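Please find one structure pasted underneath; my questions will follow.
For clarity, chains are labelled A, B, C, D and E in written order, and residue numbers in each chain start from 1.
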């Protein structure tokens, strides 16, 4: 159907079915250096996102359901507005200021989970 | 029982490539990473780490990096091949003090013009140290003509020793020893991890170390082997000694076109009278400082030993004198007035100036330093010494130098590079 | 609390709570080449460790409990000394000579596990 | 026993016990550039395969049992011929033309599985 | 049913960039990876692989790599532009044997001195092949003056063909064919995987292949198309033929300064008498060897065919003679004494020597080979031939060459580069 970013204007729940479409598009000596820098950067950016998913316990997934509650102060909206009316670009603007808080919480709940699972073994 | 852990705080000694960072330069210009305005430092509690400043490869990297930057900065500048001609020289005799008698030569020559069909008769002033008498008693050549090509530094690139920060690549870390009274080797407590080194100014000098860092509490003596007379002793002061240098001659500059788009910067007539370049060191300060140095040398040589200071041994000008670049000109000052004592206003050190410079210890790549107009005045801090021991009841110390690695070793002595090794295993009591 | 390597002088069980702190810090043409080599190497080293965890069955984890027994000959100490007195730097020296043996055993038990799990499906 | 590619002439079921052997072997300015390009490429190729395993739900595995049926039209052979007579080089030629079909099916079944698992939580 | 496997031993033909490894060189110096002292080789049981030496891109890479290294090694050396002047030449007539009569020229000229105001009258000896008579019957110019700039090789960089190992990057592998009696194309059993190639010496030559590897059992004839007379035939011997070459003239060298830091290395007077350079090939050995070559040619041309050997056809010196570099000097030897027979002590091959060399088949980049002092003696192995078939009951073979790729193709014929493709799928009987 749609190709890369074709779902950008779609709602969040219509999109998020195309996650593999975007994931797969992330992959004279002076010209050689400029291109190696571009390629090295693409790899480094990719790996930082993968490392981050790993420490949150979401390695290998495109959709990862976590064990952190949603604070209503981050966005006081119902699922109907978020998944049926909004697009991902709009959502990203709405909660930009809470991104680092959420990320810190995700890392911490994984550290606790990982240890509890060791004690049970 | 085996449990695998990743992200374990373990490291090993390692050698890697560090990158430069910084807040018209010869050295760090645009090929340098902007610094972090709020750099981090982390104290490591209960960590003892062995450091060895004499085997620190950060010194070798800095030496290589500054030489390569130096050369890259001269590569595009004007070649002075047309200047290696027979010169007709006389003495500059107008209002010359005795100290300058015979120091300046007034030389005329036939130089290339923009057009290949024409030559021009031009003249310029040279220092006696820049020329060689040949044959015809007035005939001279530049000193480098039988050895190497000479290029003119571009008079837009300054030699100011702007500080460079070295930073580790990911996977590596730089450990810093904060143990006061650390003598360069062995273990030390009080180790911290830093993202980058402090800024280090690539100041080039012999005998006296200028504008560096100071010891926190006491004057320190550091050496690879204190009983080996073949090794140098680095001395770090805990207080600066101020030195004031000058070239009290109002010079002018003239531009001689030597080709289609190229020019030679020549020294023109000098305004006012002619005086010798010199440096002033406060005498009382020097004596107090020397006081402290001897007190510390006695810890290794005996408190009933006679410690004598003497001037340098023979060798080339670059070795026997205190060489430095200030105001854009290269000075060679006589330090025999500083190192002339048994045990322990101002002291005036006369200086010579050169225009043709052979950097480091290389042969084959000479540069011409364009003259600076006006009068030069410099104020700097002596922060240390390079001494060599001459050697049964007495020891004599003399000024040393000429090996630039000794001037960086004195700033990088606190840093070590290690490699992070995040995997490890240990017994636990669980089973998959 | 502590930043990068701040736990280096701490005991093994006090440390190992800071694993994400260290994991996240692992990420004129001549100058360009020197820096690309440094960046390429950082990536290659990172990936070798991740590949190794993968073949041992520990992908995506910071703490991975395996199915290999501990030979008392590698280190005849009780959990109390290892986790409460020793630091990780000391431990690494103590068992340096057994690292390759342990790694070989981890790879082999995973190969057997992976096959048994195929036969059960 | 065997080193890299030593199992190349072995049958498919004799091979496939050596998967870690091959997996571990995948890891003047002009000379510097040529070598950086070779190293950057090795990393990019490695990561594309890992990304692909991830979207199929096989992250971290050397053997991954999926939920896609085998169409007899891709290769009408019994397990005895495939695993006991054929080598992997022969097999690769036999089904080369169906590789993209199979890959598309693997991606799609994972997308459906991943969503069903979200609804169950 | 679909099961995914990763790490599957599957590969495809591929072209990649190989890197050099090795255990003052022109070629591999410091821009080369140190080798593994204990390299691996893995025999692949039951693997048949198709090889084609004529389409092997490892040859193209080696050709490009050696030319680029060659040029990088001349780039920083002294330019001899000042030498392209009118020369005044006479004959060297002192104690000259007949074979050398007219071979050496004694030439004087006005050369640049370190100073731009002065010239010097100097002289040097040149070989007849290095100069062109112009106009005034004594006036000459160097041969390259109407074609190209010439540079002097730095007399510190040797031309010794130090062996280079080619190694595959990760994700790739090099397969080696160990099948004895492999003729360069088609499938072969007995394939092994290697980390790197054996060391290959970048020996440059025409007609005769020197210091290479030998066939394991029989002399082998290899060609792209044996019935196409437009293709060359490479012949690999199973035994070496020893060849001894020399320049029996005690030469001296003199250094002429031609500028500020530059010098020309000229041939000075020659000590002793003047004799012709030559190479000795054992006659019996050559005959036995040629014996074996014909026996094998008959397999393709008929055992009732008359196989004749003949000398080279016309062309330039670089084509019609056996060119090689030994002892640092470039020899052009006459091989008509080796290829003069129907079917099938020592044979002496006279040689000429040149100082001005145009490498490969390029025009525009000439080099001057500085003279070597003393007397040159070389001992080397002839390991093969390059033959061209001249073509109804007889066939004539003549020496060929001039295309350097043929000299590497003869060493790299056993290697193939493949790409590893670790993913695969297969039906299994399990379900997620």
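General remarks:
Keep this in mind: a residue touches a chain if its C-beta (ideal position, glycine included) is under 8 Å from a C-beta of that chain, and two chains touch if they have at least 3 such contacts.
For B-C, the equivalent interface within A-B, D-E or C-E is the one where over half of the contact pairs agree by residue number, namely D-E. By number of C-beta pairs in contact, D-E leads over the other of D-E and A-B. One inter-chain figure worth recording: subunit C and subunit E are separated by 52 Å, centre to centre, where each centre is the mean of the chain's CA atoms. Averaging Cα coordinates per chain places subunit A and subunit E 59 Å apart. Between the CA-based centres of subunit C and subunit D the separation comes to 26 Å, rounded to the whole angstrom. Contact of a single residue of subunit A with at least two other chains is seen at positions 29, 33, 36, 40, 43, 59-60, 118, 121. Multi-chain contact residues, meaning those touching two or more other chains, occur in subunit B at positions 3, 428, 430-432. Those chain pairs judged to touch are A-B, A-C, A-D, B-C, B-E, C-D, C-E, D-E.
Note for the complex: subunit E touches subunit C at residues 3, 428, 430-432. Taken in their complex, subunit C has these residues touching subunit B: 2-10, 12, 15-16, 18-23, 25-28, 30-31, 34-35, 37-39, 41-42, 45-46, 49, 52-53, 56-58, 61-70, 75, 79, 82-83, 87-89, 91-92, 95, 99, 102, 105-106.
Subunit D meets subunit C in the complex at residues 17, 20, 23-24, 27, 29, 32-33, 36, 39-40, 43, 46, 59-63, 65. Residue ranges on subunit A touching subunit C, taken from their complex, read 29-30, 33, 36-37, 40, 43-44, 47-48, 51, 54-55, 57, 59-60, 107, 111, 114-115, 118, 121. For subunit E in complex with subunit B, the touching residues are 114-118, 257, 259-262.
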